[PDB]
Amino acid sequence: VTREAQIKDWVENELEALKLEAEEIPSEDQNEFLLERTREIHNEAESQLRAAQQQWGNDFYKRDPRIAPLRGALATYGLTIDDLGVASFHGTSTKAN
Amino acid sequence: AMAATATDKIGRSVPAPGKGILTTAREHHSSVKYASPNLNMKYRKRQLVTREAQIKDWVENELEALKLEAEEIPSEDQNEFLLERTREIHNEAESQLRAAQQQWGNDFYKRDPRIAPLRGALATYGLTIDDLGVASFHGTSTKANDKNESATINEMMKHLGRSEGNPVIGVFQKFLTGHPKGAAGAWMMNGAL
Amino acid sequence: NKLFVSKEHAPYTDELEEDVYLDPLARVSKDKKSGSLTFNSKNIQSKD
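Residue numbers (the deposited numbering), protein chains in the order written: chain A, 1453 to 1549; chain B, 1405 to 1597; chain C, 1695 to 1742.
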C-alpha cells in the first residue's frame, strides 16, 4: 500500500507534467499527443503496480536465503509447510527410486 | 540481449520454414506521431533516481521502525535481533533497487506494444535498429530456408524502420562448417561473438 | 467422433500473416460470413 501511494503520487506528477507539455505544444494535434501520452502513462502506472505486486506478493522470497523455494511458493498464498498435504511420488516401483 | 523462439502457422509440411520468428519484431504503429518518453533513456534514468529517492526514504523509515522495536524488545538478545533485521532490511532495499532497475533499464518495454522485443533489447543498451550490423543467417544452402530467412530479416528491418541503405550484413557459417542438426545455432553464436 | 477438429486454414491469410505477426495487438474476430475466428485487416494495426 505504501508503494501504491508512491505510484499514484508519481502518476499525478507525470500527469501535471504532461499537462504542461500539452500547454506548450500547439493545440492543432493536441488530441493525438494526449491520447498517446495517456496510454503511455497508464502502461507505466500498470507496470509499476505490477512490479510492486511482484516484489511483495509473488517474488518476495527469491532473494531471501532464510525462505526456501518451497516455503515461499506456499507462503505466497498464506500456506505453511504443513498445508502441503499430499505428495505425488514418482513411485516407479524400483528399490533405489 | 534477446533470445526468443516461435512456431510458424498451420500447415501439413513439417520441415517447411516460416515467418513465425517475425513476431520478435512485432510493434504497433497506429499512433506514432510523437516519440515515446519510455524509449528515451534520460526519462528512464529520471524515473530510476526518483525511485531511488523513494527507496532510501523507505529504508530510513523502516530503520527508525526497527530502532523503536529494538527499544521495546529486551536488551539481552538485542544484538542477534538487530543483525537479523539489518540483513532483512538490506535484502529488501536491494531487492527494491533491483526491481526499479528492472522496471526502467531492462524490462521497460515488455508491456509497451510500440516497442518491439528486438528494438527494446537493443534500446536497453542505447542501441538503435541501425546498430544491428550483422545477421548470422541459418543459411542452410536450401532454397526455401534461404529465401524465407532473407524475407524474415527484411520484414524485421522494414517494420522496425531500419534506415534505407543500411542492410544487415548476412554471415553464413554453414558454407564452411556445414549443417549440424542442432549444434548449428551454437556454432553461429560462437561466430557472432 | 469429432472432438479433434483439424484446422484447414490458419486464422490469418497468407497476405495478412506478416501483418498479424508484426502487430502485437492484433486479435481474431468472429467473421460474419464464415463464422470462424479469423484475423481482420481493420483490426490489424488499428488505433482502437
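For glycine and all other residues, C-beta sits at the position ideal for the given N, C-alpha and C.
Answer yes or no: do residue i and residue j have a C-beta to C-beta separation smaller than 9 Å?
i: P1517/B; j: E1431/B; result: yes
i: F1541/A; j: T1528/A; result: no
i: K1514/A; j: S1499/B; result: yes
i: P1421/B; j: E1553/B; result: yes
i: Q1506/A; j: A1503/B; result: yes
i: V1575/B; j: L1536/B; result: no
i: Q1739/C; j: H1433/B; result: yes
i: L1564/B; j: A1520/B; result: yes
i: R1448/B; j: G1524/B; result: no
i: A1469/B; j: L1486/B; result: no
i: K1437/B; j: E1484/A; result: yes
i: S1723/C; j: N1737/C; result: yes
i: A1720/C; j: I1414/B; result: no
i: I1459/B; j: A1408/B; result: no
i: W1591/B; j: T1454/A; result: no
Within the 9 Å Cβ cut-off, does residue i reach chain B?
i: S1735/C; result: no
i: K1696/C; result: no
i: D1725/C; result: no
i: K1514/A; result: yes
i: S1730/C; result: no
i: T1528/A; result: no
i: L1716/C; result: yes
i: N1495/A; result: yes
i: residue 1750/C; result: Here chain C covers residues 1695 to 1742 and nothing more, so residue 1750/C does not appear.
i: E1709/C; result: no
Return the chain-ordered list of same chain residues with a C-beta closer than 6 Å to the C-beta of residue i, the five sequence neighbours on each side being excluded.
i: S1567/B; result: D1534
i: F1698/C; result: none
i: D1412/B; result: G1422, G1424
Contact check, residue i vs residue j under 8 Å by CB: the rounded distance?
i: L1531/B; j: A1429/B; result: That pair is no contact at about 15 Å.
i: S1735/C; j: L1716/C; result: That pair is no contact at about 13 Å.
i: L1501/B; j: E1456/B; result: 7 Å
i: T1544/B; j: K1578/B; result: 6 Å
i: residue 1636/C; j: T1732/C; result: The requested residue 1636/C does not occur in the structure, where chain C is confined to residues 1695 to 1742.
i: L1467/B; j: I1493/B; result: 7 Å
Do we get a CB-CB distance below 9 Å when we pair residue i with the residues of chain C?
i: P1517/B; result: yes
i: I1414/B; result: yes
i: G1424/B; result: yes
i: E1559/B; result: yes
i: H1563/B; result: yes
i: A1520/B; result: yes
Output needed for residue i: all residues of its chain with C-beta closer than 7 Å, excluding positions within five of it in sequence on either side, in chain order.
i: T1556/B; result: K1423, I1425, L1426
i: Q1451/B; result: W1508
i: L1526/B; result: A1405, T1532, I1533, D1535, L1536
Just to make sure I have the definition right: I need the residues of chain A whose C-beta is within less than 9 Å of the C-beta of residue i. Which are they?
i: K1437/B; result: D1481, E1484, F1485, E1488
Taking 9 Å as the threshold (beta carbon to beta carbon), is residue i in contact with chain A?
i: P1441/B; result: yes
i: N1552/B; result: no
i: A1503/B; result: yes
i: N1444/B; result: no
i: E1431/B; result: no
i: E1492/B; result: yes
Residues of chain B with CB closer than 8 Å to the CB of residue i, please, in chain order.
i: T1454/A; result: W1462
Residue i touches chain B at which residues, Cβ-Cβ below 7 Å?
i: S1499/A; result: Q1507, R1515
Using C-beta distances below 8 Å, list every residue in its chain close to residue i, excluding the 5 sequence neighbours before and after it, in chain order.
i: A1596/B; result: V1538, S1540, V1575
i: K1446/B; result: none
Just the chain C side, please: which residues come within less than 7 Å of residue i by C-beta, in chain order?
i: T1427/B; result: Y1715
i: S1434/B; result: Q1739, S1740, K1741
Taking 8 Å as the cut-off, is the CB of residue i close to at least one heavy atom of the ligand PLP?
i: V1714/C; result: You won't find the ligand PLP in this model; it holds no ligand whatsoever.
Within 8 Å of chain F by C-beta, residues of the stretch 1456-1476 of chain B in sequence order: No chain F is part of this structure, whose protein chains are labelled A, B and C.
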